[PDB]
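Starting from 1, each residue takes its place in the sequence as its number. Atoms within each ligand, like the ligands themselves, are counted from 1 in listed order. Below, all heavy atoms of this structure are taken into account, side chains as well, without hydrogens, waters or symmetry copies.
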Amino acid sequence: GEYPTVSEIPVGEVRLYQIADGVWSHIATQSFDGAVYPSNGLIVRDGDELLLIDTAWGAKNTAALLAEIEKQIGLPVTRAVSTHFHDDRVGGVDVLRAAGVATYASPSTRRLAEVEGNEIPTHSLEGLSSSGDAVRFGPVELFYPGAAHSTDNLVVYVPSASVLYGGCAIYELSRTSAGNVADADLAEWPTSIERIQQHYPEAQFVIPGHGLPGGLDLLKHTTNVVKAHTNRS
Ligand SMILES: [C]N1C(C(F)(F)F)=NN2=[C@@]1([S])[O-]2
Ligand SMILES: *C1(C(F)(F)F)=NN=C([S])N1(*)[C]
Ligand SMILES: [Cl-]
Ligand SMILES: [Zn+2]
Ligand SMILES: [Zn+2]
Ligand SMILES: [Zn+2]
């Protein structure tokens with residue numbers, strides 16, 4: 001396993017990891033309350049351009065992300081999708097926009113970002129408003145599994161590569177306790193995860209919002225952690 005961790009990534013830097021032909025994750029680090037967290041997004045080749053999924057958690061990181069993509073891949077990022085409204089997913093949208101990247105999110109995400117005072121993707125993704133809804137967006141399928149980590153969270157599937165990117169609705173195996181769930185729907189989260197399993201049973205690579213990739217085993221792991229948190233006392 002050659003996936004990078006926080007020790008191999010000074011804050012302000014970004015690593016790319018090739019998961020499959022024409023599919024990468026981008027990995028960045030960010031500090032919070034004296035601890036350092038890794039964070040994942042996705043990059044998907046579409047012909048001679050690139051689709052970006054999520055920012056690198058801030059303006060500085062996201063600029064570094066664009067510089068690393070150009071250095072290592074050398075194809076233009078034409079579109080970006082943010083998978084929910086929190087700052088680690090839309091933080092850096094203004095940088096993308098300034099660089100000429102068309103930015104996208106569901107209308108639900110755009111609204112919530114606005115309420116939070118966060119950066120707001122330009123474009124609104126139709127067809128994702130009800131749990132179980134999917135739309136094609138270039139080389140990926142976008143799926144709204146229902147509320148989980150947030151009410152607006154999306155997941156992304158790359159059918160050519162069998163790569164499922166769960167964003168912050170899916171926990172890495174090393175995470176044994178609930179993360180930040182201030183905006184979560186704990187009641188619905190397991191149900192939302194099971195929709196993901198039902199829709200992508202053939203997924204071979206599962207990328208959590210933070211940390212190490214794995215397989216579909218990450219879904220039940222996440223459900224277990226969420227349910228234990230639910231019963232907390
Ligand atoms: C990490 N995270 C966040 C912040 F804001 F803190 F950054 N949000 N959500 C999560 S997971 O996403
Ligand atoms: C763009 C482009 F062309 F990719 F830059 N900007 N807004 C929309 S919609 N598109 C396709
Ligand atoms: Cl645009
Ligand atoms: Zn979040
Ligand atoms: Zn546009
Ligand atoms: Zn996150």
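- A donor and an acceptor atom, one from each side chain of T55 and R89, are nowhere located under 3.5 Å apart.
- Side chain of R136 to main chain of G138: a donor-acceptor pair is present (N/O by atom type, distance under 3.5 Å, no hydrogens or angles).
- Relative orientation of the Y171 and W189 rings is perpendicular, given thresholds of 30° and 60° on the angle between their planes.
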Requested in this report: Under the side-chain hydrogen bond (donor to acceptor under 3.5 Å, both in side chains) rule, what do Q204 and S162 come out as? Steps first, then yes or no, please.
Outcome: CA-CA 5 Å; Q204 291 300 303; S162 304; 5.9 Å; no
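- For atom 10 (N) of ligand 2, the closest non-hydrogen atom on the protein side is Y104 OH, 3.9 Å.
- Closest to atom 4 (F) of ligand 2, if we only count protein heavy atoms, is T78 O, 3.9 Å.
- Seen from the Zn ion (ligand 4), atom NE2 on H84 and atom ND1 on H86 lie at an angle near 100° (rounded to 10 degrees).
- Applying the 4.0 Å criterion to heavy atoms of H123 picks out, from ligand 2, the atoms 7 (N), 8 (C), 9 (S).
- Taking both residues in full, the closest heavy atoms of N153 and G146 are given as ND2-O, 3.0 Å, listed atom of the first, atom of the second, then distance.
- For ligand 2, the atoms sitting less than 4.0 Å from at least one non-hydrogen atom of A102 are 1 (C), 6 (N), 7 (N), numbered in the order shown with element in parentheses.
- When all heavy atoms of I207 and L42 are compared, the closest pair comes out as CG1-CD1, 4.2 Å.
- Taking backbone and side chain together, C168 holds no N, O or S atom under 2.8 Å from the Zn ion (ligand 4).
- For atom 6 (N) of ligand 2, a protein heavy-atom neighbour is found at a distance under 4.0 Å.
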